[PDB]
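Dropping target.pdb in here (PDB, C-alpha atoms):
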ATOM      1  CA  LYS W   1      -5.841 126.650 -65.318  1.00  0.00           C
ATOM      2  CA  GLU W   2      -9.039 125.745 -63.472  1.00  0.00           C
ATOM      3  CA  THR W   3      -9.257 123.868 -60.226  1.00  0.00           C
ATOM      4  CA  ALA W   4     -12.326 121.630 -60.008  1.00  0.00           C
ATOM      5  CA  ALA W   5     -14.000 124.272 -57.820  1.00  0.00           C
ATOM      6  CA  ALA W   6     -13.197 127.018 -60.328  1.00  0.00           C
ATOM      7  CA  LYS W   7     -14.472 124.984 -63.239  1.00  0.00           C
ATOM      8  CA  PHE W   8     -17.732 124.402 -61.351  1.00  0.00           C
ATOM      9  CA  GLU W   9     -18.104 128.145 -60.987  1.00  0.00           C
ATOM     10  CA  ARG W  10     -17.511 128.710 -64.736  1.00  0.00           C
ATOM     11  CA  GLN W  11     -19.809 125.936 -65.866  1.00  0.00           C
ATOM     12  CA  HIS W  12     -22.602 126.211 -63.310  1.00  0.00           C
ATOM     13  CA  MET W  13     -22.745 129.491 -61.339  1.00  0.00           C
ATOM     14  CA  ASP W  14     -24.422 132.701 -62.418  1.00  0.00           C
ATOM     15  CA  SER W  15     -25.197 134.829 -59.399  1.00  0.00           C
ATOM     16  CA  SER W  16     -25.481 137.930 -61.618  1.00  0.00           C
ATOM     17  CA  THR W  17     -29.174 137.374 -62.493  1.00  0.00           C
ATOM     18  CA  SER W  18     -31.988 136.072 -60.298  1.00  0.00           C
ATOM     19  CA  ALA W  19     -33.235 133.657 -62.979  1.00  0.00           C
ATOM     20  CA  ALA W  20     -32.648 133.136 -66.683  1.00  0.00           C
ATOM     21  CA  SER W  21     -32.903 136.670 -68.053  1.00  0.00           C
ATOM     22  CA  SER W  22     -34.889 135.707 -71.179  1.00  0.00           C
ATOM     23  CA  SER W  23     -35.420 132.831 -73.580  1.00  0.00           C
ATOM     24  CA  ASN W  24     -32.051 133.631 -75.173  1.00  0.00           C
ATOM     25  CA  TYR W  25     -30.125 133.051 -71.927  1.00  0.00           C
ATOM     26  CA  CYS W  26     -28.769 129.586 -72.646  1.00  0.00           C
ATOM     27  CA  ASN W  27     -27.919 130.431 -76.260  1.00  0.00           C
ATOM     28  CA  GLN W  28     -25.714 133.249 -74.953  1.00  0.00           C
ATOM     29  CA  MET W  29     -24.347 131.565 -71.815  1.00  0.00           C
ATOM     30  CA  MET W  30     -23.397 128.198 -73.274  1.00  0.00           C
ATOM     31  CA  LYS W  31     -21.153 130.167 -75.637  1.00  0.00           C
ATOM     32  CA  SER W  32     -19.835 132.694 -73.092  1.00  0.00           C
ATOM     33  CA  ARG W  33     -18.999 130.060 -70.512  1.00  0.00           C
ATOM     34  CA  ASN W  34     -16.897 128.132 -73.035  1.00  0.00           C
ATOM     35  CA  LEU W  35     -19.200 125.119 -73.215  1.00  0.00           C
ATOM     36  CA  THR W  36     -19.446 125.112 -77.007  1.00  0.00           C
ATOM     37  CA  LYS W  37     -15.749 125.331 -78.025  1.00  0.00           C
ATOM     38  CA  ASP W  38     -15.147 121.865 -79.313  1.00  0.00           C
ATOM     39  CA  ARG W  39     -18.698 120.476 -79.357  1.00  0.00           C
ATOM     40  CA  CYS W  40     -22.211 121.495 -78.347  1.00  0.00           C
ATOM     41  CA  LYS W  41     -22.495 120.300 -74.742  1.00  0.00           C
ATOM     42  CA  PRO W  42     -26.011 118.792 -74.738  1.00  0.00           C
ATOM     43  CA  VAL W  43     -27.192 119.711 -71.249  1.00  0.00           C
ATOM     44  CA  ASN W  44     -25.982 122.131 -68.591  1.00  0.00           C
ATOM     45  CA  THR W  45     -27.512 123.759 -65.546  1.00  0.00           C
ATOM     46  CA  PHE W  46     -26.780 127.249 -64.174  1.00  0.00           C
ATOM     47  CA  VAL W  47     -27.473 128.213 -60.556  1.00  0.00           C
ATOM     48  CA  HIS W  48     -28.698 131.740 -59.728  1.00  0.00           C
ATOM     49  CA  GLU W  49     -27.623 131.873 -56.099  1.00  0.00           C
ATOM     50  CA  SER W  50     -24.745 133.152 -54.023  1.00  0.00           C
ATOM     51  CA  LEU W  51     -21.718 130.942 -54.113  1.00  0.00           C
ATOM     52  CA  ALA W  52     -21.904 130.855 -50.240  1.00  0.00           C
ATOM     53  CA  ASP W  53     -25.376 129.332 -50.369  1.00  0.00           C
ATOM     54  CA  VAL W  54     -24.210 126.713 -52.912  1.00  0.00           C
ATOM     55  CA  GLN W  55     -21.089 125.889 -50.891  1.00  0.00           C
ATOM     56  CA  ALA W  56     -23.243 125.160 -47.839  1.00  0.00           C
ATOM     57  CA  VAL W  57     -25.053 122.431 -49.780  1.00  0.00           C
ATOM     58  CA  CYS W  58     -21.940 120.293 -49.222  1.00  0.00           C
ATOM     59  CA  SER W  59     -23.100 119.982 -45.542  1.00  0.00           C
ATOM     60  CA  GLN W  60     -26.771 119.212 -46.285  1.00  0.00           C
ATOM     61  CA  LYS W  61     -28.486 115.904 -47.271  1.00  0.00           C
ATOM     62  CA  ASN W  62     -25.987 113.276 -48.367  1.00  0.00           C
ATOM     63  CA  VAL W  63     -27.123 111.307 -51.431  1.00  0.00           C
ATOM     64  CA  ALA W  64     -25.587 108.959 -53.976  1.00  0.00           C
ATOM     65  CA  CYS W  65     -24.173 110.626 -57.076  1.00  0.00           C
ATOM     66  CA  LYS W  66     -25.634 109.948 -60.520  1.00  0.00           C
ATOM     67  CA  UNK W  67     -22.393 110.793 -62.374  1.00  0.00           C
ATOM     68  CA  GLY W  68     -19.511 109.367 -58.808  1.00  0.00           C
ATOM     69  CA  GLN W  69     -19.448 107.856 -55.349  1.00  0.00           C
ATOM     70  CA  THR W  70     -21.669 109.112 -52.500  1.00  0.00           C
ATOM     71  CA  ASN W  71     -19.978 112.525 -52.100  1.00  0.00           C
ATOM     72  CA  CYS W  72     -23.123 114.234 -53.376  1.00  0.00           C
ATOM     73  CA  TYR W  73     -25.400 116.479 -51.351  1.00  0.00           C
ATOM     74  CA  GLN W  74     -28.929 117.738 -51.894  1.00  0.00           C
ATOM     75  CA  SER W  75     -29.947 121.229 -50.849  1.00  0.00           C
ATOM     76  CA  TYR W  76     -32.534 121.658 -48.102  1.00  0.00           C
ATOM     77  CA  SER W  77     -33.911 124.787 -49.788  1.00  0.00           C
ATOM     78  CA  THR W  78     -34.834 125.064 -53.435  1.00  0.00           C
ATOM     79  CA  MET W  79     -32.671 127.220 -55.637  1.00  0.00           C
ATOM     80  CA  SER W  80     -33.255 129.271 -58.743  1.00  0.00           C
ATOM     81  CA  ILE W  81     -31.707 127.346 -61.657  1.00  0.00           C
ATOM     82  CA  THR W  82     -31.773 127.322 -65.417  1.00  0.00           C
ATOM     83  CA  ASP W  83     -31.773 124.116 -67.433  1.00  0.00           C
ATOM     84  CA  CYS W  84     -30.088 124.484 -70.812  1.00  0.00           C
ATOM     85  CA  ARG W  85     -30.861 121.624 -73.245  1.00  0.00           C
ATOM     86  CA  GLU W  86     -29.750 121.382 -76.835  1.00  0.00           C
ATOM     87  CA  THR W  87     -32.525 121.623 -79.407  1.00  0.00           C
ATOM     88  CA  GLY W  88     -32.991 119.095 -82.196  1.00  0.00           C
ATOM     89  CA  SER W  89     -32.021 121.388 -85.029  1.00  0.00           C
ATOM     90  CA  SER W  90     -28.739 122.374 -83.335  1.00  0.00           C
ATOM     91  CA  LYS W  91     -25.477 121.213 -84.899  1.00  0.00           C
ATOM     92  CA  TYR W  92     -21.940 122.308 -84.015  1.00  0.00           C
ATOM     93  CA  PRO W  93     -20.729 124.983 -84.437  1.00  0.00           C
ATOM     94  CA  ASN W  94     -24.326 126.416 -84.284  1.00  0.00           C
ATOM     95  CA  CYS W  95     -25.268 125.289 -80.829  1.00  0.00           C
ATOM     96  CA  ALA W  96     -28.822 126.154 -79.781  1.00  0.00           C
ATOM     97  CA  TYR W  97     -30.578 125.515 -76.509  1.00  0.00           C
ATOM     98  CA  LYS W  98     -33.963 125.614 -74.842  1.00  0.00           C
ATOM     99  CA  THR W  99     -33.848 127.784 -71.712  1.00  0.00           C
ATOM    100  CA  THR W 100     -36.077 126.473 -68.902  1.00  0.00           C
ATOM    101  CA  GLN W 101     -36.373 128.313 -65.589  1.00  0.00           C
ATOM    102  CA  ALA W 102     -36.800 126.162 -62.500  1.00  0.00           C
ATOM    103  CA  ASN W 103     -36.801 126.290 -58.686  1.00  0.00           C
ATOM    104  CA  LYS W 104     -35.519 122.931 -57.447  1.00  0.00           C
ATOM    105  CA  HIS W 105     -33.321 121.283 -54.874  1.00  0.00           C
ATOM    106  CA  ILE W 106     -29.848 120.988 -56.332  1.00  0.00           C
ATOM    107  CA  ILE W 107     -27.473 118.052 -55.923  1.00  0.00           C
ATOM    108  CA  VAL W 108     -23.740 118.775 -56.098  1.00  0.00           C
ATOM    109  CA  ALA W 109     -20.663 116.631 -55.716  1.00  0.00           C
ATOM    110  CA  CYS W 110     -18.199 118.062 -53.199  1.00  0.00           C
ATOM    111  CA  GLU W 111     -14.481 117.482 -52.633  1.00  0.00           C
ATOM    112  CA  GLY W 112     -11.357 118.930 -51.098  1.00  0.00           C
ATOM    113  CA  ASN W 113     -10.213 120.937 -48.021  1.00  0.00           C
ATOM    114  CA  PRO W 114     -11.968 123.176 -48.054  1.00  0.00           C
ATOM    115  CA  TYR W 115     -14.863 120.904 -48.971  1.00  0.00           C
ATOM    116  CA  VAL W 116     -16.621 122.630 -51.864  1.00  0.00           C
ATOM    117  CA  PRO W 117     -18.795 121.936 -54.915  1.00  0.00           C
ATOM    118  CA  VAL W 118     -16.997 120.398 -57.888  1.00  0.00           C
ATOM    119  CA  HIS W 119     -19.779 118.889 -60.020  1.00  0.00           C
ATOM    120  CA  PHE W 120     -23.442 119.662 -60.700  1.00  0.00           C
ATOM    121  CA  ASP W 121     -25.039 116.238 -60.364  1.00  0.00           C
ATOM    122  CA  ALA W 122     -28.802 116.650 -60.581  1.00  0.00           C
ATOM    123  CA  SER W 123     -31.849 118.560 -59.423  1.00  0.00           C
ATOM    124  CA  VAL W 124     -34.993 117.251 -57.765  1.00  0.00           C
TER     125      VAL W 124
END
As structure tokens - that is how I would like this structure written.
Amino acid sequence: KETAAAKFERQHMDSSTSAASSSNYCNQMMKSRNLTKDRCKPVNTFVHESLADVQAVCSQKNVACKXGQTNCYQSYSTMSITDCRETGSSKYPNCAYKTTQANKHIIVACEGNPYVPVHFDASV
């Protein structure tokens, strides 16, 4: 099973590279992170930072969630992220994605005790 925190890690964390490794990154990672099992998920962001740096965002700038409520927080620093967005010719089960590297402030939803990231809301 996956707690909300654990699912966030699966869907959104990849501390093992400093940035998308190549233009094939999302094509590989959307599959490997189990985001294409039952459908092609259209959009998903990965964060190339330590989990400790991402966790601290839950104490940074409080903002309204895009979806949630107002349990979202925007990072003071920018972070290395990858935007994965389904391409027009994609069709399940052949899910294909544009990989875009970015360096943006992230916005996460946080919950629990301990109070940790559970959703990737947005970037700015």
Discussion item. Rounded to one decimal, what separation in Å do you get between atom CA of residue W:36 and atom CA of residue W:122?
Written reply: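 Answer for the atom CA of residue W:36 to atom CA of residue W:122 separation: 20.7 Å.
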Fill in: Result set, the PyMOL selection byres ((chain W and resi 110) around 12) on current file, as a PyMOL selection string
chain W and resi 4-5+8+54-60+62-65+68-74+107-109+111-121
May I have the residues from that selection written out with C-alpha atoms, as a short mmCIF file (atom, residue, chain, number, x, y, z; two decimals), in the frame of the given file?
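What follows is the written file out-v4.cif:
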data_model
loop_
_atom_site.label_atom_id
_atom_site.label_comp_id
_atom_site.auth_asym_id
_atom_site.auth_seq_id
_atom_site.Cartn_x
_atom_site.Cartn_y
_atom_site.Cartn_z
CA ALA W 4 -12.33 121.63 -60.01
CA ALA W 5 -14.00 124.27 -57.82
CA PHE W 8 -17.73 124.40 -61.35
CA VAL W 54 -24.21 126.71 -52.91
CA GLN W 55 -21.09 125.89 -50.89
CA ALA W 56 -23.24 125.16 -47.84
CA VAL W 57 -25.05 122.43 -49.78
CA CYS W 58 -21.94 120.29 -49.22
CA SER W 59 -23.10 119.98 -45.54
CA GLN W 60 -26.77 119.21 -46.28
CA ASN W 62 -25.99 113.28 -48.37
CA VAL W 63 -27.12 111.31 -51.43
CA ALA W 64 -25.59 108.96 -53.98
CA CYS W 65 -24.17 110.63 -57.08
CA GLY W 68 -19.51 109.37 -58.81
CA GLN W 69 -19.45 107.86 -55.35
CA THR W 70 -21.67 109.11 -52.50
CA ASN W 71 -19.98 112.52 -52.10
CA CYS W 72 -23.12 114.23 -53.38
CA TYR W 73 -25.40 116.48 -51.35
CA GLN W 74 -28.93 117.74 -51.89
CA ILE W 107 -27.47 118.05 -55.92
CA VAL W 108 -23.74 118.78 -56.10
CA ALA W 109 -20.66 116.63 -55.72
CA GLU W 111 -14.48 117.48 -52.63
CA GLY W 112 -11.36 118.93 -51.10
CA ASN W 113 -10.21 120.94 -48.02
CA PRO W 114 -11.97 123.18 -48.05
CA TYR W 115 -14.86 120.90 -48.97
CA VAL W 116 -16.62 122.63 -51.86
CA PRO W 117 -18.80 121.94 -54.92
CA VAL W 118 -17.00 120.40 -57.89
CA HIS W 119 -19.78 118.89 -60.02
CA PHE W 120 -23.44 119.66 -60.70
CA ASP W 121 -25.04 116.24 -60.36
#
Discussion item. Set the distance at 8 Å and use all atoms listed in the file: which residues neighbour residue W:78 once local chain neighbours fewer than 2 positions away are removed? I'd like the list as a list in words.
Written reply: residues 75, 76, 80, 103, 104, 105 and 106 of chain W
Worksheet item: What is the distance, in Å and to one decimal place, between atom CA of residue W:94 and atom CA of residue W:123?
Response: 27.1 Å
Practice prompt. Could you jot down the atom CA of residue W:88 to atom CA of residue W:13 separation for me, Å, one decimal place?
Written response: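 Rounded to one decimal, the two atoms are 25.5 Å apart.
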Practice prompt. Using all atoms listed in the file, determine which residues lie at most 12 Å from residue W:38, disregarding the query and same-chain residues fewer than 2 positions distant; provide the list as JSON, numbers by chain.
Written response: {"W": [31, 34, 35, 36, 40, 41, 91, 92, 93, 94, 95]}
Item to complete: Counting only C-alpha atoms, figure out which residue out of W:52, W:90, W:20, W:26 gets nearest to residue W:102.
Response: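 Smallest distance to residue W:102 is found for W:20.
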Edge lengths and centre in Å to one decimal, as JSON, is what I'm after for the box along x, y and z that holds all listed atoms of stretch 54-72 of chain W once 8 Å is added on each side.
{"center_x": -24.0, "center_y": 117.3, "center_z": -54.0, "size_x": 25.0, "size_y": 34.9, "size_z": 32.8}
Item to complete: Can you pull out every residue within 9 Å of residue W:12, counting only C-alpha atoms, but drop anything in the same chain fewer than 4 positions away, and send it as a list in words?
Response: residues 7, 8, 33, 44, 45, 46, 47, 48, 119 and 120 of chain W
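Proximity to residue W:29 was assessed for W:61, W:83, W:89, W:124 counting all atoms listed in the file; the smallest distance is recorded for W:83.
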